[PDB]
């Protein structure tokens, strides 16, 4: 992540390497103990069979709830609800048959099944099926179950994908009509999600200069919708050092406000996590987007003193 050092990189395969090391150590331990290998295989298979039976029972319990949402969430198809509860029905059925056979055959089935059902019911009722924070985070960032992903794609599809192409023309028109504003959009990404409405409050050096020729278009039934873009001057030691089209990333305001509202269910640590994820997703979207053919420069910063003017000027002078 070239944006900021504090942006987490995507999760790799460290867990798999640790699992391989664990498997090697366990095999070495089994070899050293010198117990009958047939017993090792028998007990491993019996353990996996018990896990499969527990999965079946937990899936039936989940089905008891999911069947209430058949007509709305699952389009009135019982097979779809069963697939949502117990994974692929065919594979799960095959594994369940194998588990039943090998548990009934290998050296009381009904009593062990009763105990297993009791254990699963206890796990469900006491709410012990809660995944660890790291596991939930990995699941969410692998399936794109974040608010930051949706916010970044909203900010790209709705604003950047419609503004970046014509920004060069608007800048050219402004330059001819009147002060050599840089030919790029400088988006500020405060990782603390503190986005003031007027930049001059953020830093005394930043000062409004003038607006750009407005852009117009039809959007979702609201026609003549207009996109403005203010021009600011980077005031250094009293004398202008640069001018650019500065603008905060508005989804960060939504993140902050969501963090502030109780009904949102958004915590302040969730705020930092999702702000960093938004900054990381926007970078990828722009890197793969043809519209950003050297058109914008995402600026991300953390407030520990600090001057936004210096940050923007550093990213500009380069």
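Positions refer to the first chain, counted from 1. Between two forms, the rigid core is defined as the largest C-alpha subset superposing within 1.5 Å.
Comparing 121-129 with 239-247 by root mean square Cα distance to the shown form in 7 other deposited structures of this protein, with the rigid core used for the fit, gives 121-129 as the more displaced stretch. After superposing on the rigid core, the larger RMS C-alpha deviation in 7 other deposited structures of this protein belongs to 226-234, the other candidate being whichever of 226-234 and 184-192 remains. Residue 135, present in the displayed chain, carries coordinates in each of the other PDB entries compared that cover both sides of it, far from a third leaving it out.
Of the other compared PDB entries of this protein that include residues on both sides, at least a third leave residue 218 without atoms. Per the record, residue 178 and residue 179 are separated by 4 to 9 deposited residues that have no coordinates. Coordinates are absent for 4 to 9 residues of the deposited sequence placed between residue 304 and residue 305.
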